[PDB]
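Here's a solo chain for you in C-alpha cells, the form deposited in one PDB entry.
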C-alpha cells in the first residue's frame, strides 16, 4: 500500500537493485529494498503504522526496517554512499554493477515501470558483470569478490573492461588494503553459494585468494580434489537427502587443507565457522590419514567403529575423496539401511 502513502505525502519511492535483479531473473525474494526521493523514515513509519507493525528507524542513517508477514522491507533515503536532495539516479549510480543498478517504480503515477539508465537490463540479458565506471574497483575492492560471486552464481562473465580493471585492482594490491571484515564476510557469502566451486574457479583465474589468505597458493591436487567433492556432494544430496549440511565449508576445508599459518585455524576463526567445521578441521590431521589407512583392513563390523566419526557427517564425505575406500562407505549408508529395516 506504499504507492498510496507515497502519493498522500507527495513522494516517489522505488524498489532497488538487488531485489530487482532477482525479479527479472524470476526469483522470489523476501528481502526488499526501497529508495525514497524524500524521507524514508516517515514512509516506513506510516507504513507499519497502517499495518500495526513495529518499526526500527535509524536516524542519521536515513533508514528504517519493518516486517509484514515474511516480508522484510528496508526503506532508505536517496544518497551518495555515506547532503541536499539527491535524485534516484544519483543513488543508483553509486551501485555495484549494471544488473544491480536498476529500480522499479512503486509510484501509482507510473507503477510497475522498470528504471534503468546504465543498461542493466541488457547486461542482464547478455549475461554480463559490468561496473558503472573505471574507479569502481578502486572505490571498493570488495566488489572484486562480488563481481566473481555473481559471475559465478549467475554463470555470467565479466565485460572486457571490467575484467581488465578487476585484474588491475588485484595486482594493485587493494585486496590487501580493504577492511578485512568486508572481504571476510563477502567470502562467507560466496561460501554459502550452491555454485560456490565455480566461483572458486574464478578466484583461481584472478589469483584473489593468494592475497586474502596469507599462506595460500593454488595446487592442482586440491583443485581436482574440489571437483571430486563436487561429485560426492551432488549424489549424497540426492540419496542421503534426509540429512544434509552446509557443503560449502567442506570445500573451504580442502582449500585450507595443506594448512598454512600454524594449522591456519586462525582463518576458520575469522570465518564465523560452525562447530562441525572448526571441529572436522582438527580431525583432518589426526585421522584423515589413520582412518583411511587403518580402514584398509576391514571385512565388515569395523564399519561400526568408524560410524562413530559420522557424529558430524562431513568426514564421512571427505573419505570418498580417496577412490580406494569410496564404494566401502557407499555401501555403509545402504548397509545400515538394512539394520533399521531388518
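Positions refer to the first chain, counted from 1. C-alpha atoms forming the largest set that superposes within 1.5 Å between two forms make up the rigid core.
Absent coordinates for residue 82 in a third or more of other compared entries: Other entries vs residue 82: at least a third skip it.
Residues with no coordinates between residue 217 and residue 218, taken from the deposited sequence as a class: None; the chain is continuous from residue 217 to residue 218.
Stretch exceeding the other in mean C-alpha B-factor - 137 to 145, 231 to 239: Mean CA B-factor is higher for 231 to 239.
Residue range whose averaged C-alpha B-factor is higher in the record, 303 to 311 or 25 to 33: Result of the comparison: 303 to 311.
Residue with highest C-alpha B-factor in the PDB entry, from 270, 74, 194, 177: Spelled out: the listed residue with the top C-alpha B-factor is 270.
Top Cα B factor in the deposited entry, candidates 49, 278, 56, 67: Comparing C-alpha B-factors across 49, 278, 56, 67, the maximum falls on 278.
Residue 101 by Cα B-factor - lowest, middle or highest third of the modelled chain: Within its chain, residue 101 is a lowest-third residue by C-alpha B-factor, going by the deposited values.
Chain-relative CA temperature factor third for residue 91: Lowest third, going by the recorded CA B-factors of the chain.
Third of chain Cα B-factors occupied by residue 107: As the PDB entry reports it, the C-alpha B-factor of residue 107 lands in the lowest third of its chain.
Ranked against its chain, the third holding the CA B-factor of residue 160: For residue 160, the deposited C-alpha B-factor lands in the middle third.
Chain thirds of CA B-factor: placement of residue 318: CA B-factor rank for residue 318: highest third.
The protein also exists as the form deposited in another entry; that form is not presented, and the subsequent description refers to it.
Conformational change between this form and the one not shown, one of 194, 239, 109, 262, C-alpha moving 2 Å or more after core fit: So the residue whose C-alpha moves 2 Å or more is 262.
Core-aligned CA displacement of residue 309 at least 2 Å between this form and the one not shown: Yes: residue 309 shifts by at least 2 Å between this form and the one not shown.
After fitting the core, residue 337 CA displacement of 2 Å or more between this form and the one not shown: After core superposition, the displacement of the residue 337 C-alpha between this form and the one not shown reaches the 2 Å mark, so yes.
Sense of the change in Cα distance from residue 309 to residue 284 in that other deposited form - at least 3 Å versus the shown form: Relative to the displayed form, residue 309 and residue 284 move farther apart in that other deposited form - a change of at least 3 Å between their C-alphas.
Cα separation of residue 281 and residue 306 in that other deposited form versus here, shift of 3 Å or more: Farther is correct, given that in that other deposited form the C-alpha spacing of residue 281 to residue 306 is increased by at least 3 Å.
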